[PDB]
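Values below: every heavy atom of this structure, side chains too, minus hydrogens, waters and symmetry copies. Positions are given from 1 along the sequence.
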Amino acid sequence: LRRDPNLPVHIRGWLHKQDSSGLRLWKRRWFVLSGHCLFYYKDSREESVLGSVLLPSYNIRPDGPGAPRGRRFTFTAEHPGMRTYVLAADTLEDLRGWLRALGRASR
Ligand SMILES: O=P(O)(O)O[C@H]1[C@H](O)[C@@H](OP(=O)(O)O)[C@H](OP(=O)(O)O)[C@@H](OP(=O)(O)O)[C@H]1O
């Protein structure tokens, strides 16, 4: 997936992403939601894309209260047969902001 530079951005910012497997650590990456796609990078320069997701197929949901994953403010984006993304926002305000935007893209 390629990002269109001259396209408006719905929201962008830091999120923590859990490793698919391994020691299951949280990596802080810079995320950008442009169009119905989610792109992420190393930092806020938004220079080289590290990964991307076509949201319309996905289901994105809050893991609920209580830090059940070991961190507060986590949510999960999944769709059977595709890669699951486990994400964490820094604050409730950031989580709400991301959930609202990601909902609009997926639908
Ligand atoms: O090298 P180890 O110790 O195994 O951990 C890797 C790196 O942190 C990768 O980032 P980078 O290669 O850019 O430093 C990351 O991919 P991302 O860069 O896409 O975040 C992987 O997360 P996954 O998305 O689960 O593969 C994670 O498993």
Side-chain angles (χ1 to χ4, degrees):
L1 298 179
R2 298 190 180 180
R3 182 171 162 204
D4 176 336
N6 301 315
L7 193 71
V9 163
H10 296 303
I11 185 162
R12 86 226 293 163
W14 292 112
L15 292 177
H16 289 76
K17 181 168 107 277
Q18 204 173 213
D19 303 309
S20 273
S21 53
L23 328 181
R24 299 193 169 179
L25 321 296
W26 295 89
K27 300 276 150 48
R28 190 202 195 206
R29 307 273 120 137
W30 188 266
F31 282 80
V32 172
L33 205 184
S34 170
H36 296 159
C37 298
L38 188 60
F39 303 85
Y40 65 90
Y41 308 76
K42 189 188 187 186
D43 62 44
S44 70
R45 287 169 291 163
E46 291 168 22
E47 234 135 69
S48 18
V49 170
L50 304 177
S52 40
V53 199
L54 184 62
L55 276 6
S57 23
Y58 275 80
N59 249 49
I60 314 209
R61 341 220 76 184
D63 294 345
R69 287 196 189 269
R71 296 186 67 106
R72 301 186 297 168
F73 314 137
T74 68
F75 53 111
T76 296
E78 63 80 30
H79 191 63
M82 296 187 245
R83 174 187 182 170
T84 298
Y85 291 82
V86 176
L87 308 170
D90 283 334
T91 69
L92 179 61
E93 169 170 55
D94 286 310
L95 180 64
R96 202 205 316 307
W98 278 97
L99 296 166
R100 183 194 318 136
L102 287 167
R104 297 184 188 256
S106 67
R107 109 205 18 170

Same apolar cluster: [X] and [Y], side chain cutoff 4.5 Å:
X	Y	result
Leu33	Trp14	no
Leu102	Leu54	no
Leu99	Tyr40	yes
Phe73	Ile11	yes
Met82	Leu55	yes

Is any side-chain heavy atom of [X] closer than 4.5 Å to a side-chain heavy atom of [Y]?
X	Y	value
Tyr58	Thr84	no
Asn59	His79	no
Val49	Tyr41	yes
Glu46	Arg3	yes
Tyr85	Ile60	no

Between [atom1] on residue [X] and [atom2] on residue [Y], distance to nearest 0.5 Å:
X	Y	atom1	atom2	answer
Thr76	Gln18	OG1	CD	9.0 Å
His16	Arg29	NE2	CZ	10.0 Å
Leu95	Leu15	CG	CG	9.0 Å
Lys42	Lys27	NZ	NZ	13.0 Å
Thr74	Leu87	OG1	CG	9.0 Å
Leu7	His10	CG	NE2	7.0 Å

What closest approach, in Å, do [X] and [Y] show between heavy atoms, and which atom pair accounts for it?
X	Y	answer
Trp30	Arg12	CZ2-CG, 3.7 Å
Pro8	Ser34	O-OG, 3.8 Å
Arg71	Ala88	NE-CB, 3.6 Å
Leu1	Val53	CD1-C, 3.7 Å

Does atom CZ of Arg72 have more than 12 heavy-atom neighbours, drawn from other residues, nucleotides or ligands, at distances under 6.0 Å? no

Heavy-atom count check: over 12 atoms from other residues, nucleotides or ligands less than 6.0 Å from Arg83 CZ? yes

Angle between ring planes, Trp98 versus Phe31, binned at 30° and 60°: parallel, tilted or perpendicular? perpendicular

